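Below sits a lone chain in structure tokens, taken as the form solved without the partner chain.
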């Protein structure tokens, strides 16, 4: 038989291990020769594995790199202009590498150049609420200051945007051991913690779903018209640089001005965490000086695109994609995911060589330049948007397969909740103590739904990975799954060695997954999802699950508004239309499900499969959200305060945010009412796509 069990049984932990080792021996930074060579290797291998076609799709996009002969660093400088302390020029390389070349030193990609010098202000995680605390409550003015902020809690580009709007002239980002050093485990190479010399790389775009900053809307092909840098999309306006906690200690230890407002502002270093501005009495005349000389440069990137043609519905596409570019060795991010994709392709190819084909076409993608802001996936989706929006069934992402070894983590559209529940009930748990139990059982026990007994948590999609263009711009049902830790307050901060030189094969093999059993479980979940999406006669989407969450999201946004009862009275702010639309969606979805259960007629089947496929698409507003033309989904968008998190009813949520501070309450509440009308209309219009067609 060629069924799902045959596909899953062909997946082997030992192959994933061999692939991970193969992918992590040298750096594969986007736009470098090494990354192009790996692209060519994967292309050759996917062909050998049995795919019908495997092509490279290249684009010329804005990337950012340090200047090799003019290194970035930060100084404490004295009254005379003597630099009395300098931050490190590189991370101490891990054992046995120390002679690898082309390790990019830590830098914040897309930082502009500059040498600002000023007094420090410490801003905690530099979240919206941290700046509210500083400016509104503590009356500390960040204008003309260099801010220092710890990594964690929110996407670093949000920190940078927040600091810019506060008037900062530069940002220093650092990893505090509170966030990146788990108590009782050793620093790399003797455990999985971050050492004091480790540094987290990463782009600091003000992400708006655009892709390449120079070509919003259109693929960065050979004849593309490019914006000038000043008009580029998403680029920060102040210099930024990341540092490790040994260096941060030296910058923070002299800080004066005000005490931290409370304990949530204190990390684990032996410093006061004073907010500043500037240093205590004796050192009041010293300043901090940044030296940033990175350059933005248009550079060629390469996606590998493999096709396994469908036997029955070749014009329906199920996509499994994940990126290949890494900051350095990519031991977890992304190669633990890419190794899983490679073994999935190998398994589907084995079935194909035996004469099987999936019902629908499967596309496999190895994306480039994800680390520089999702550039490869976004340019390819821009190029192929017409094909994808009329033919795209689903997108399953495959970045890092593991960020811990505790339990499963899943973010997906409500249309895939039932599929995920059903698939995990048929997979074996890899967890100690759950031998012979299902993955659904272990997952549900370890990560309970906050709403439902006996169900697991599944979160909302935002940005931060390559599914963004497919889901938030194009409205293709999307999902992601990986193995994760037990560390809730840290779910957006990254594992300790995230984007550091210490993310190696040895890190994974020694400390995360020596048997590759968690990798294998993740391959079964991602591959099983793709198998079911590509082979089920009726698409495995349950519209009733969307109706359940829409009511949840409507109750939640109403509750936010109801913090302002006098204004809702004054401006006649009613959510009645939105609750009506959700009620109608619930009723229509129930009737559609009955018909779906109740119909030999392939036209009715496909007509109903098209209704299922286009249901996610119906939540797209072609006008986009306010000032966010590429975030078009009306139910979900990346949070405006944290691009990693998804926000529900984002147009209403942003209209309501901090509304009590707006100077023209009439105008502000008018815009809330406008967003309620757009949301109610969109939910009703999506419901109507499930009605009888004529």
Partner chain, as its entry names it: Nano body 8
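Residue numbers count along the first chain shown, from 1.
In the deposited sequence, the stretch from residue 599 to residue 600 hides 1 to 3 residues that have no coordinates. Taking the mean C-alpha B-factor of each stretch as recorded, 518 to 526 and 128 to 136 are not equal, and the higher mean is that of 128 to 136.
For the segment pair 406 to 414 and 464 to 472, the entry gives 406 to 414 the higher mean B-factor, averaged over Cα atoms.
Residue set 350, 611, 326, 208: peak C-alpha B-factor at 350 (per PDB entry). Across 299, 101, 401, 215, the entry's maximum B-factor at the CA atom is seen for 101. Placement of the Cα temperature factor of residue 343 within the chain: middle third of the modelled residues, per the deposited record. Compared with the other modelled residues of the chain, the Cα B-factor recorded for residue 647 ranks in the lowest third. Sort the modelled residues of the chain by CA B factor and residue 662 lands in the highest third. Residue 185: CA B factor lies in the highest third for its chain, per the PDB record.
Ranked within its chain, residue 278 lands in the highest third, by CA B factor from the PDB record.
The form solved in complex with the partner chain is left out here; the points below concern that form.
From the list 415 to 423, 338 to 346, 270 to 278, 245 to 253, the contact stretch for the partner chain in the deposited complex under a 4.5 Å heavy atom rule is 245 to 253. The partner chain in the deposited complex comes within 4.5 Å of no heavy atom belonging to residue 504.
Residue 84 belongs to the set of residues with a heavy atom inside 4.5 Å of the partner chain in the deposited complex.
At the 4.5 Å threshold, heavy atoms of residue 78 reach the partner chain in the deposited complex. Residue contact check for residue 484: none of its heavy atoms lie within 4.5 Å of the partner chain in the deposited complex. Only one of 197, 464, 112, 234 lies close to the partner chain in the deposited complex, with a heavy atom inside 4.5 Å, and it is 197. Interface residue among 193, 206, 350, 88 relative to the partner chain in the deposited complex, by the heavy atom within 4.5 Å criterion: 88.
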